[PDB]
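J.: Supplied structure: coords_11.csv, CSV, C-alpha atoms and all ligand atoms.
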chain,number,residue,atom,x,y,z
R,6,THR,CA,-19.5,-4.8,-1.9
R,7,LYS,CA,-17.5,-2.2,0.2
R,8,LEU,CA,-13.7,-2.2,0.9
R,9,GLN,CA,-11.7,-0.1,3.4
R,10,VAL,CA,-8.1,0.1,2.6
R,11,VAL,CA,-5.1,2.0,4.1
R,12,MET,CA,-2.4,3.2,1.8
R,13,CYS,CA,1.1,3.5,3.2
R,14,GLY,CA,4.7,4.0,2.0
R,15,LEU,CA,7.4,6.7,2.4
R,16,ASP,CA,7.1,10.2,1.0
R,17,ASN,CA,7.4,10.5,-2.8
R,18,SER,CA,6.8,6.7,-3.3
R,19,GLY,CA,3.7,7.5,-5.5
R,20,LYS,CA,0.7,6.6,-3.2
R,21,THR,CA,-1.5,9.4,-4.4
R,22,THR,CA,-0.6,9.0,-8.1
R,23,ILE,CA,-1.5,5.3,-7.9
R,24,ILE,CA,-4.8,5.8,-6.2
R,25,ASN,CA,-5.8,8.4,-8.8
R,26,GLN,CA,-5.3,5.8,-11.5
R,27,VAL,CA,-8.2,3.8,-10.1
R,28,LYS,CA,-10.7,6.7,-9.4
R,29,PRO,CA,-13.5,7.6,-11.8
R,30,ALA,CA,-12.5,10.0,-14.7
R,31,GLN,CA,-14.0,13.5,-14.0
R,36,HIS,CA,-2.5,18.6,-9.9
R,37,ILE,CA,-1.0,16.2,-7.4
R,38,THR,CA,1.0,17.5,-4.5
R,39,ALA,CA,2.6,16.0,-1.3
R,40,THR,CA,-0.1,14.7,1.0
R,41,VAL,CA,-0.2,16.6,4.3
R,42,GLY,CA,-1.5,14.3,7.0
R,43,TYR,CA,-3.8,12.1,5.0
R,44,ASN,CA,-6.7,12.3,2.6
R,45,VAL,CA,-9.8,10.0,2.4
R,46,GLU,CA,-10.7,8.8,-1.1
R,47,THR,CA,-14.3,7.4,-1.3
R,48,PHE,CA,-15.3,6.3,-4.8
R,49,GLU,CA,-16.8,3.5,-6.8
R,50,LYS,CA,-14.7,1.2,-9.0
R,51,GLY,CA,-16.6,-1.3,-11.0
R,52,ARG,CA,-19.2,-2.9,-8.7
R,53,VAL,CA,-17.2,-2.0,-5.5
R,54,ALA,CA,-17.3,1.1,-3.2
R,55,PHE,CA,-13.8,1.9,-1.9
R,56,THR,CA,-12.8,3.9,1.1
R,57,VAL,CA,-9.1,4.5,1.0
R,58,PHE,CA,-7.0,6.4,3.5
R,59,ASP,CA,-4.2,7.8,1.4
R,60,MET,CA,-1.7,8.5,4.2
R,61,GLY,CA,1.1,11.2,4.0
R,62,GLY,CA,4.4,9.4,3.9
R,63,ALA,CA,6.7,12.0,5.4
R,64,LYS,CA,8.3,11.0,8.7
R,65,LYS,CA,6.1,13.4,10.7
R,66,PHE,CA,2.9,11.8,9.4
R,67,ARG,CA,3.8,8.2,9.9
R,68,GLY,CA,2.5,8.3,13.5
R,69,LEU,CA,-1.0,8.8,12.0
R,70,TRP,CA,-1.0,5.6,10.0
R,71,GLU,CA,-2.0,3.4,12.9
R,72,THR,CA,-5.2,5.4,13.5
R,73,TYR,CA,-6.5,4.0,10.2
R,74,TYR,CA,-5.7,0.2,10.7
R,75,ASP,CA,-9.0,-0.5,12.5
R,76,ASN,CA,-11.3,-2.8,10.6
R,77,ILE,CA,-9.2,-2.5,7.4
R,78,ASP,CA,-9.7,-5.1,4.6
R,79,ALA,CA,-6.3,-4.6,3.0
R,80,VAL,CA,-3.0,-2.6,3.2
R,81,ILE,CA,-1.5,-1.1,0.1
R,82,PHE,CA,2.2,-0.4,0.5
R,83,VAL,CA,3.9,1.6,-2.2
R,84,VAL,CA,7.7,1.4,-2.5
R,85,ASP,CA,9.8,3.7,-4.8
R,86,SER,CA,11.8,0.9,-6.4
R,87,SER,CA,14.5,3.5,-7.5
R,88,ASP,CA,15.1,4.9,-4.0
R,89,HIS,CA,17.8,2.5,-2.7
R,90,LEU,CA,18.9,4.7,0.2
R,91,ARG,CA,15.7,4.4,2.1
R,92,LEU,CA,14.9,0.7,1.6
R,93,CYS,CA,16.1,0.3,5.3
R,94,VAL,CA,13.4,2.8,6.3
R,95,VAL,CA,10.8,0.9,4.2
R,96,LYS,CA,11.8,-2.3,6.1
R,97,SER,CA,11.5,-0.7,9.6
R,98,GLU,CA,8.1,0.8,8.8
R,99,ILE,CA,6.7,-2.6,7.5
R,100,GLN,CA,8.1,-4.2,10.7
R,101,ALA,CA,6.5,-1.5,12.9
R,102,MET,CA,3.1,-1.8,11.3
R,103,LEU,CA,3.0,-5.6,11.5
R,104,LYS,CA,3.4,-5.3,15.3
R,105,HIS,CA,0.1,-3.3,15.6
R,106,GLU,CA,-2.9,-5.1,17.1
R,107,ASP,CA,-5.3,-4.2,14.2
R,108,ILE,CA,-2.9,-5.6,11.6
R,109,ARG,CA,-2.1,-8.7,13.7
R,110,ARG,CA,-5.7,-9.6,14.3
R,111,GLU,CA,-7.3,-12.8,13.0
R,112,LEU,CA,-10.0,-11.7,10.5
R,113,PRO,CA,-13.6,-12.8,11.2
R,114,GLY,CA,-13.1,-15.8,8.8
R,115,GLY,CA,-9.7,-16.9,10.2
R,116,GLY,CA,-7.6,-15.0,7.6
R,117,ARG,CA,-5.0,-12.4,8.1
R,118,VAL,CA,-4.9,-8.8,6.8
R,119,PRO,CA,-3.6,-8.9,3.1
R,120,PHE,CA,-0.8,-6.6,1.8
R,121,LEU,CA,-0.6,-5.3,-1.8
R,122,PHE,CA,3.0,-4.2,-2.5
R,123,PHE,CA,3.8,-2.0,-5.5
R,124,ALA,CA,7.4,-1.8,-6.7
R,125,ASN,CA,6.7,1.6,-8.2
R,126,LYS,CA,8.7,3.8,-10.6
R,127,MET,CA,9.6,0.8,-12.6
R,128,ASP,CA,10.4,3.2,-15.4
R,129,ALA,CA,12.8,5.3,-13.3
R,130,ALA,CA,16.6,5.0,-13.8
R,131,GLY,CA,17.8,2.5,-11.2
R,132,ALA,CA,14.5,0.8,-10.5
R,133,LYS,CA,14.6,-2.6,-8.8
R,134,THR,CA,12.2,-5.3,-9.8
R,135,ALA,CA,9.6,-6.8,-7.5
R,136,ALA,CA,11.9,-9.9,-7.0
R,137,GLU,CA,14.9,-7.8,-6.1
R,138,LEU,CA,12.8,-5.8,-3.5
R,139,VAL,CA,11.5,-9.0,-1.9
R,140,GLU,CA,15.1,-10.2,-1.4
R,141,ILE,CA,16.4,-6.8,-0.2
R,142,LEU,CA,13.6,-6.3,2.3
R,143,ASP,CA,13.4,-10.0,3.3
R,144,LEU,CA,9.7,-9.5,2.7
R,145,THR,CA,8.6,-13.1,2.9
R,146,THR,CA,10.0,-13.5,6.4
R,147,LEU,CA,8.5,-10.2,7.4
R,148,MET,CA,5.0,-10.9,6.1
R,149,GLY,CA,4.7,-14.4,7.6
R,150,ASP,CA,1.1,-15.6,7.5
R,151,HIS,CA,-0.2,-12.4,5.8
R,152,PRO,CA,-1.2,-13.0,2.2
R,153,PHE,CA,0.7,-10.6,0.0
R,154,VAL,CA,1.8,-10.0,-3.6
R,155,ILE,CA,4.1,-7.5,-5.2
R,156,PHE,CA,4.0,-6.1,-8.8
R,157,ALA,CA,6.2,-3.7,-10.6
R,158,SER,CA,4.3,-0.5,-11.3
R,159,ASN,CA,4.4,2.8,-13.2
R,160,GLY,CA,1.9,5.1,-11.4
R,161,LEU,CA,2.1,7.7,-14.1
R,162,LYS,CA,0.7,5.3,-16.8
R,163,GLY,CA,-1.1,2.7,-14.6
R,164,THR,CA,1.1,-0.3,-15.5
R,165,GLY,CA,0.8,-3.0,-12.8
R,166,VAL,CA,-1.7,-1.0,-10.9
R,167,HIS,CA,-4.9,-2.5,-12.2
R,168,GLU,CA,-3.8,-6.0,-11.8
R,169,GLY,CA,-2.7,-5.2,-8.2
R,170,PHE,CA,-6.2,-4.0,-7.4
R,171,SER,CA,-7.7,-7.2,-8.9
R,172,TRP,CA,-5.6,-9.2,-6.5
R,173,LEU,CA,-6.6,-7.0,-3.6
R,174,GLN,CA,-10.3,-7.2,-4.4
R,175,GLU,CA,-10.3,-11.0,-5.1
R,176,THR,CA,-8.4,-11.6,-1.9
R,177,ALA,CA,-10.8,-9.4,0.1
R,178,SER,CA,-13.9,-11.1,-1.3
R,179,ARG,CA,-12.5,-14.6,-0.6
R,180,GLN,CA,-11.8,-13.5,3.0
R,181,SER,CA,-15.1,-11.9,3.7
R,201,LIG,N1,8.7,8.3,-13.0
R,201,LIG,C1,7.7,8.0,-12.2
R,201,LIG,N2,7.2,9.0,-11.4
R,201,LIG,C2,6.2,8.7,-10.5
R,201,LIG,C3,5.6,7.4,-10.5
R,201,LIG,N3,4.7,7.4,-9.5
R,201,LIG,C4,4.6,8.7,-9.0
R,201,LIG,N4,5.6,9.4,-9.6
R,201,LIG,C5,5.9,10.8,-9.3
R,201,LIG,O1,6.6,10.8,-8.0
R,201,LIG,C6,6.2,12.0,-7.3
R,201,LIG,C7,5.5,11.7,-6.0
R,201,LIG,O2,4.2,11.2,-6.2
R,201,LIG,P1,3.0,11.2,-5.2
R,201,LIG,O3,1.9,10.4,-5.8
R,201,LIG,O4,2.7,12.6,-4.7
R,201,LIG,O5,3.8,10.3,-4.0
R,201,LIG,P2,3.2,10.1,-2.6
R,201,LIG,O6,3.6,8.7,-2.1
R,201,LIG,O7,1.7,10.3,-2.4
R,201,LIG,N5,4.0,11.3,-1.7
R,201,LIG,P3,3.4,11.7,-0.1
R,201,LIG,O8,3.6,10.5,0.9
R,201,LIG,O9,4.3,13.0,0.3
R,201,LIG,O10,1.9,12.0,-0.2
R,201,LIG,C8,5.3,12.8,-8.3
R,201,LIG,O11,6.1,13.6,-9.1
R,201,LIG,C9,4.7,11.7,-9.2
R,201,LIG,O12,4.4,12.2,-10.5
R,201,LIG,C10,6.2,6.4,-11.4
R,201,LIG,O13,5.7,5.3,-11.4
R,201,LIG,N6,7.2,6.8,-12.2
R,202,MG,MG,0.4,11.5,-1.4
Please rewrite the model in this file as structure tokens.

T.:
Amino acid sequence: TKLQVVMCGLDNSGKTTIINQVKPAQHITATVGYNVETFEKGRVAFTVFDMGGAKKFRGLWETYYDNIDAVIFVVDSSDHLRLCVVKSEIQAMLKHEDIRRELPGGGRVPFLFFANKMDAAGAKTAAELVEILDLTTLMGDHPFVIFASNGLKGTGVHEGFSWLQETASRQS
């Protein structure tokens, strides 16, 4: 079983920290452009495009939507000021052809949302983020879920990936 995933979210949301929690055991810095992570996790081989989240890299994200099995979207739940930017980016990505497309089996591309930095002062819960972003209206027919996460420790992360992998398997 092979999964291709694109990982999106604003700069400093915790994308790279989170993906490193699911990689094999063997210094994180801001991701310039993107990085491809290819690794095994359990019985699955993952290919993850860990996108840079700075404004200047967001134009790249769409290059990696082709044939994708899932989107992972990481929100800094403690960054209230840019929740409007999070919303516009989710809106922008949903309009793209490769995200819109009906999957081979009739399904729609699934989204795993992380409400990350659950430990940070001022963190909003998954429920609060759904209401603020009006996420349910935005996501429409796309299957999605949202879990509070702590990327430093791995809280929420592993369960999110179970959801992604089970949803992908069911769809393929
Ligand atoms: N307190 C706390 N800090 C976190 C959490 N997740 C990530 N961080 C911290 O937030 C900073 C940004 O993390 P990073 O993984 O580089 O974020 P990113 O989304 O890949 N940034 P970019 O889009 O620039 O590549 C790092 O200092 C990291 O340790 C969390 O859940 N809680
Ligand atoms: Mg990064």

J.: For residue 139 in chain R, list every protein, DNA or RNA residue within 12 Å, evaluated using only C-alpha atoms, and leave out those in the same chain fewer than 5 positions away; present the list as a list in words.

T.: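 Using only C-alpha atoms, the neighbours found are residues 84, 86, 92, 95, 96, 122, 123, 124, 133, 134, 144, 145, 146, 147, 148, 153, 154, 155, 156 and 157 of chain R.
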
J.: Name the closest residue to residue 109 in chain R among the candidates R:77, R:129, R:135, R:39; distances are taken between atoms, counting only C-alpha atoms.

T.: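 Smallest separation from residue 109 in chain R among the options: R:77.
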
J.: Hey, which residues sit close to ligand MG 202 (chain R)? Say within 9 Å, counting only C-alpha atoms and all ligand atoms, and write them as a list in words.

T.: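 Using only C-alpha atoms and all ligand atoms, everything at most 9 Å from ligand MG 202 (chain R) comes to residues 16, 17, 18, 19, 20, 21, 22, 37, 38, 39, 40, 41, 43, 44, 59, 60, 61 and 62 of chain R.
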
J.: Could you tell me which of R:71, R:168, R:150, R:49 comes closest to residue 119 in chain R if we count all atoms listed in the file?

T.: R:150

J.: Between R:179, R:64, R:117, R:28, single out the one closest to ligand LIG 201 (chain R), counting only C-alpha atoms and all ligand atoms.

T.: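 Ranking R:179, R:64, R:117, R:28 by distance to ligand LIG 201 (chain R), first place goes to R:64.
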
J.: Taking all atoms listed in the file into account, which of R:165, R:6, R:103, R:87 comes nearest residue 132 in chain R?

T.: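 Nearest to residue 132 in chain R: R:87.
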
J.: Which of these, R:128, R:175, R:137, R:98, has the shortest distance to residue 79 in chain R once you count all atoms listed in the file?

T.: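 Looking at the shortest contact to residue 79 in chain R, the residue is R:175.
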
J.: Suppose you want the space between CA of residue 89 in chain R and CA of residue 130 in chain R; what is it in Å?

T.: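 CA of residue 130 in chain R lies 11.4 Å from CA of residue 89 in chain R.
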
J.: Can you work out which one of R:90, R:166, R:15, R:8 has the shortest atom-to-atom distance to ligand LIG 201 (chain R), counting all atoms listed in the file?

T.: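 Selected residue with least distance to ligand LIG 201 (chain R): R:15.
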
J.: Could you please determine the separation between CA of residue 85 in chain R and atom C6 of ligand LIG 201 (chain R) in Å, to one decimal place?

T.: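 About the pair CA of residue 85 in chain R and atom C6 of ligand LIG 201 (chain R): they are 9.4 Å apart.
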
J.: Residues within 12 Å of residue 11 in chain R, please, as JSON, numbers by chain. Count all atoms listed in the file; anything in the same chain fewer than 4 positions from it doesn't count.

T.: {"R": [20, 21, 24, 43, 44, 45, 46, 47, 55, 56, 57, 58, 59, 60, 61, 69, 70, 71, 72, 73, 74, 75, 76, 77, 78, 79, 80, 81, 82, 83, 102, 107, 108, 118, 119, 120, 121, 173]}

J.: May I ask for the distance between CA of residue 111 in chain R and atom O6 of ligand LIG 201 (chain R), given in Å to one decimal place?

T.: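 That distance, rounded to one decimal, is 28.4 Å.
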